[PDB]
Amino acid sequence: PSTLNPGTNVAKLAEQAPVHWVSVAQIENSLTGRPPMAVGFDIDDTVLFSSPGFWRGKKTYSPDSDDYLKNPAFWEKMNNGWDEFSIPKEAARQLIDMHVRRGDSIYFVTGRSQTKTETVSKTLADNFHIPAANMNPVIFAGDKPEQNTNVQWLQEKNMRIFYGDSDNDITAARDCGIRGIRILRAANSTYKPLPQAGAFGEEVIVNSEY
Amino acid sequence: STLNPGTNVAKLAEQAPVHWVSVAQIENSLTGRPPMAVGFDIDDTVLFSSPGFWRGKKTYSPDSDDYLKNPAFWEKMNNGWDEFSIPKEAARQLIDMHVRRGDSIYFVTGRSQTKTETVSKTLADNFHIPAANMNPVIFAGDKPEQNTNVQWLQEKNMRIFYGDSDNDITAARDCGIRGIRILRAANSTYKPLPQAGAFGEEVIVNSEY
Amino acid sequence: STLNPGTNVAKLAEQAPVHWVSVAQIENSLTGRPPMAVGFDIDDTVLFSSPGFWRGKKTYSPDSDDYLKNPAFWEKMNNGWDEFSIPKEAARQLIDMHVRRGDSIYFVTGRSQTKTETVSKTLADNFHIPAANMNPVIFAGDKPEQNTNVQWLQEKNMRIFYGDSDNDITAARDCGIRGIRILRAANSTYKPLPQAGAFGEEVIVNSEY
Amino acid sequence: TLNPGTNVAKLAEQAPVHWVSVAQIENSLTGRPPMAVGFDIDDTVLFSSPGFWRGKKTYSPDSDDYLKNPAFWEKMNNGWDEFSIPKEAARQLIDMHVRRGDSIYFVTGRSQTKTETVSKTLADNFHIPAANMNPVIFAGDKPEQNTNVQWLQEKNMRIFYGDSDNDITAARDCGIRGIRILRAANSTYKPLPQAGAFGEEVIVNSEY
Ligand SMILES: [Mg+2]
Ligand SMILES: [Mg+2]
Ligand SMILES: [Mg+2]
Ligand SMILES: [Mg+2]
Ligand code: NA
């Protein structure tokens with residue numbers, strides 16, 4: 001950082017982290033023969049780049065802190081319209097189409113707070129063309145301290161796979177003994193620092209940042 | 001078969017012949033030079049504005065790019081939708097560096113002009129630009145009452161121009177000034193992504209965010 | 001191709017779907033397991049022996065690979081030219097780890113068998129392998145006086161096999177054991193480079209040197 | 001540390017280095033009359049570590065003292081390069097300069113010996129025509145020799161290719177163009193230098 005011309009070398013250029021990368025095709029192939037099942041998807045930075053709404057929320061309710069995340073007024077705006085500014089991730093499209101082909105039941109489990117009304121389910125169904133037969137209303141698990149709110153829902157809906165970008169998404173899957181697969185969080189996300197994908201030895205989907 | 005394409009060390013270390021530069025190297029290259037005029041493209045250069053453009057398309061032209069011609073879209077985009085635009089860190093670093101030098105900052109955009117705009121305000125607030133170095137956003141185009149980006153670069157005598165698109169760089173070369181490329185983010189809705197360095201120009205590292 | 005091809009952030013971040021592992025991860029996966037038999041291919045796995053093959057080609061077959069079938073080449077290659085072979089650091093780490101475990105180490109090669117060989121001594125000296133864990137190099141082949149690689153893997157009951165070639169990995173698969181891939185250096189003369197991970201196998205990171 | 005993981009900012013992170021290709025170098029010389037250019041030898045045009053490795057194992061297993069043993073240089077300069085592997089990056093550069101009609105010079109820091117077959121090895125491996133070939137130049141700090149810098153000025157070289165920092169500073173001191181070649185990761189000459197540490201041009205994929 002304090003070096004004007006750091007230069008580089010071939011050992012560093014070729015250096016690789018010991019991560020288990022997988023592709024959508026590889027995941028689909030690993031599911032050959034398996035009958036329809038319940039699968040879950042994280043929302044923020046997994047299927048939607050929702051930073052635009054979280055950014056406006058921060059500037060609007062807590063310019064110098066994260067208190068906006070605990071403000072009921074922020075969640076009202078976020079879950080009822082701000083996802084109109086959320087950009088769908090290509091990696092998610094491919095996964096959702098793949099699961100739709102298998103006839104799998106799709107669930108969305110988010111750490112967002114639950115509000116009286118929400119249009120998130122609709123935005124997800126419309127943007128990813130999810131048939132009514134595979135779609136399920138979004139589950140707002142919320143976020144409590146010293147506890148992982150995702151676990152209860154993964155267990156009750158008997159989800160066999162869970163896609164997520166955060167550590168708590170992956171550890172939740174591990175707690176339930178199911179297959180947790182990591183999605184890369186975009187570099188321009190406002191939710192930092194970026195998590196260390198593969199920090200639990202889990203499978204990480206290549207090029208899933210967009 | 002092609003389920004596992006694998007890879008090899010030659011592919012892992014392969015590099016494209018690009019002239020990469022850092023903000024600190026740019027600064028160092030300007031040491032001793034007096035304050036000057038510098039310009040910045042806006043979209044995908046200093047602001048990740050795809051959210052607004054994405055909503056604009058889904059709202060006015062779901063199956064095409066016609067929304068880019070709809071005056072109703074531009075009224076919304078230049079008057080508030082940038083509150084949903086994410087400022088780029090690379091830009092922040094560049095702007096702070098130019099402010100320290102006392103340079104005069106200009107913003108040139110190909111966005112359509114509207115009677116009113118709050119983009120200038122959003123830019124000055126998000127990047128904490130002093131009024132001394134701030135200048136109202138300039139909207140360029142092919143229209144009769146408006147000058148092209150080239151004409152604006154010459155008129156203000158900009159010595160450096162930052163941008164993510166090929167037209168941003170060629171304009172700079174056509175004026176004989178220094179054109180520096182900014183990387184466009186992979187999740188931008190404006191695709192395909194351009195080839196940074198395709199003109200042998202300098203490209204700022206890790207400038208995608 | 002083109003003079004100034006440039007690049008984009010999607011391409012810069014693109015990753016192949018490969019299962020990378022580190023030596024530390026391999027050791028951890030062996031925790032608690034009693035001493036066992038493991039095997040290593042030789043060329044481009046534990047030794048960068050291209051210098052000997054390069055000189056062989058230049059001396060006996062400048063225009064082809066006919067030297068690989070010349071008895072005169074193998075006499076020199078297995079009795080001294082490996083003094084010019086450079087040990088790989090990835091291999092040292094793997095061998096040191098298996099030595100700490102007390103495992104028996106076997107070296108399997110597809111090199112033509114000669115009446116005498118100094119390769120075994122070269123390997124033992126270079127990787128400081130204790131007498132109890134060292135075993136004479138095994139020359140595998142088609143000849144009626146020798147067994148294939150698969151046969152040796154089974155006969156010695158090797159649980160793991162390290163190699164840089166596709167046939168090294170398929171050999172491990174056929175025997176139902178754990179085949180682990182080592183990257184072949186880009187300056188090796190044995191080309192083209194194989195596609196590490198083409199069989200979904202584990203590939204050791206930074207194992208090109 | 002067992003599972004360090006990674007993130008996309010780290011995967012796309014680039015060092016601020018000025019990379020160039022042989023084609024871009026050729027293009028920048030468009031229209032220039034034939035000139036003199038120079039190449040370092042070890043890890044620049046030849047992967048000579050095999051011989052240095054054997055030398056080390058034979059005279060200084062635990063150190064680099066072999067680099068000052070006369071017995072080592074006699075063998076290194078008269079035959080061990082038969083095990084030295086030509087670099088493809090250098091092959092392209094040399095062909096490119098030969099096509100332009102430029103004069104090729106090879107400057108090395110290896111200790112000078114009575115006889116040497118290195119010149120022969122280079123001319124044959126890279127098929128350099130007599131009209132462009134010149135005997136290897138052994139530069140040094142001894143009173144009977146000239147420094148690399150003096151040789152660059154003497155022969156009026158306009159470009160110097162090398163993998164080491166001193167190769168680049170030598171060119172800088174002469175006011176000529178110094179271009180960096182990447183040293184192979186399996187070279188025995190460690191640690192690897194930081195290519196670009198002088199803001200100089202660095203040739204892509206030049207490790208092999
Ligand atoms: Mg998330
Ligand atoms: Mg732009
Ligand atoms: Mg091999
Ligand atoms: Mg050198
Ligand atoms: Na989550």
Side-chain angles (χ1 to χ4, degrees), chain A residues 40-51 54 86 89 92 108-112 141 143 149-150 162-170 172 182-186 189-191 194-195 197 208, chain B residues 39-50 53 85 88 91 107-111 140 149 161-169 171 181-185 188-191 193-194 196 207, chain C residues 39-50 53 85 88 91 107-111 140 149 161-169 171 179 181-185 188-191 193-194 196 207:
Chain A
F41 285 82
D42 177 65
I43 288 183
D44 303 306
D45 275 319
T46 291
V47 307
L48 294 179
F49 182 73
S50 52
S51 280
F54 281 75
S86 295
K89 295 182 62 169
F108 294 100
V109 185
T110 182
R112 297 194 183 180
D143 177 293
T149 58
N150 292 309
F162 191 57
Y163 301 97
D165 66 297
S166 301
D167 288 349
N168 85 298
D169 296 324
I170 301 301
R182 179 94 64 156
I183 295 282
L184 296 167
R185 181 182 301 168
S189 169
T190 61
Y191 191 2
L194 299 176
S208 54
Chain B
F40 290 80
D41 169 60
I42 290 183
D43 301 301
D44 273 323
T45 293
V46 312
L47 286 174
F48 182 74
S49 54
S50 286
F53 286 82
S85 289
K88 298 184 65 165
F107 291 100
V108 180
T109 185
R111 287 188 188 186
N149 55 330
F161 191 64
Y162 300 100
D164 68 296
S165 304
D166 292 350
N167 57 68
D168 297 319
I169 303 303
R181 181 92 65 151
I182 291 289
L183 290 166
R184 179 181 302 172
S188 171
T189 63
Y190 187 21
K191 287 175 179 184
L193 302 176
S207 60
Chain C
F40 293 79
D41 160 59
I42 294 184
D43 304 299
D44 276 322
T45 292
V46 304
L47 287 181
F48 181 73
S49 47
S50 283
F53 289 78
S85 287
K88 296 180 57 151
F107 293 103
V108 182
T109 187
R111 289 186 186 193
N149 47 18
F161 193 65
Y162 304 91
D164 68 299
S165 295
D166 290 351
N167 52 57
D168 299 325
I169 303 302
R181 175 93 64 159
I182 298 291
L183 295 176
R184 176 182 303 168
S188 173
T189 57
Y190 185 17
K191 271 146 179 173
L193 296 181
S207 57

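Numbered from 1 within each chain, the chains take letters A, B, ... in sequence-line order. One-based numbering, in listed order, for ligands and for the atoms of each. In what follows, every heavy atom counts, from backbone to side chain, and hydrogens, waters and symmetry copies are set aside.
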Margin query: Under the rule for ring pair (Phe, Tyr, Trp, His ring centres under 6.0 Å), what residues qualify as partners of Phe107(C), not counting sequence neighbours?
Written below: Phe40(C)
Next item on the list: Using the test ring pair (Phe, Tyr, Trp, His ring centres under 6.0 Å), find all partners of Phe54(A) that sit at least two apart in sequence or belong to another chain.
Entry: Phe74(A), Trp75(A)
Next item on the list: Decide yes or no for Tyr190(C) and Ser165(C): does some side-chain heavy atom of the first lie under 4.5 Å from some side-chain heavy atom of the second?
Entry: yes
Checklist line | Side chains of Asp42(A) and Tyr163(A) in contact at under 4.5 Å (non-hydrogen atoms) | finding: no
Checklist line | Partner residues of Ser207(C) under the side chain to side chain donor-acceptor pair (under 3.5 Å) criterion, sequence neighbours left out | finding: none
Next item on the list: Enter the distance from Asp44(A):CG to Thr46(A):OG1 here, rounded to the nearest 0.5 Å.
Entry: 8.0 Å
Next item on the list: Return the set of protein N, O or S atoms whose distance to the Mg ion (ligand 2) is under 2.8 Å, each given as residue and atom.
Entry: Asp41(B) OD2, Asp43(B) O, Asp164(B) OD1
